[PDB]
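A single chain comes next, written as structure tokens; it is the form deposited in one PDB entry.
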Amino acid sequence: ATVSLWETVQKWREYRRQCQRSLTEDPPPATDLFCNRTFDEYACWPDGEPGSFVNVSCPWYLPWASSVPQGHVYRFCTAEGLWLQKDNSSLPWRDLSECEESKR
């Protein structure tokens, strides 16, 4: 209901702070092949299991987060323990379609 760039930036900085805490303190995975946890600036990713989709909840700082409570963003962890990318130079594949704002 409230629009505030200021409030939204502050929620994003809090989500980033909580994420950094998880990245620092979460125990290492159950060995030793896993895609590595990261904060991509939009979402906080945990370590991935090889050959798996990894889903995290839509970031709670989104102004419309309460409209998408069961939505998830996805990455894919390849069997080699690397995040799926696309081509040569690209960022990791991500699907955030469930977290988008519009009704349609």
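Take the two forms, find the largest set of C-alpha atoms that superpose within 1.5 Å, and that set is the rigid core. The numbering used is simple: start at 1 and walk along the sequence shown. Residues that one form lacks are left out of the comparison.
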Mean B factor on CA atoms, stretches 30-38 and 60-68, record says higher is 30-38
Going by the B-factors listed in the PDB entry, is the mean over the C-alpha atoms higher for 10-18 or for 77-85? 77-85
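The protein also exists as the form deposited in another entry; that form is not presented, and the subsequent description refers to it.
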Moved residue between the shown form and the other one - picked from 10, 18, 90, 24, where its Cα shifts 2 angstroms or more relative to the rigid core: 90
Segments of at least 3 residues with every CA displaced 2 Å or more between the shown form and the other one, core-aligned, in sequence order? 30-32, 86-90
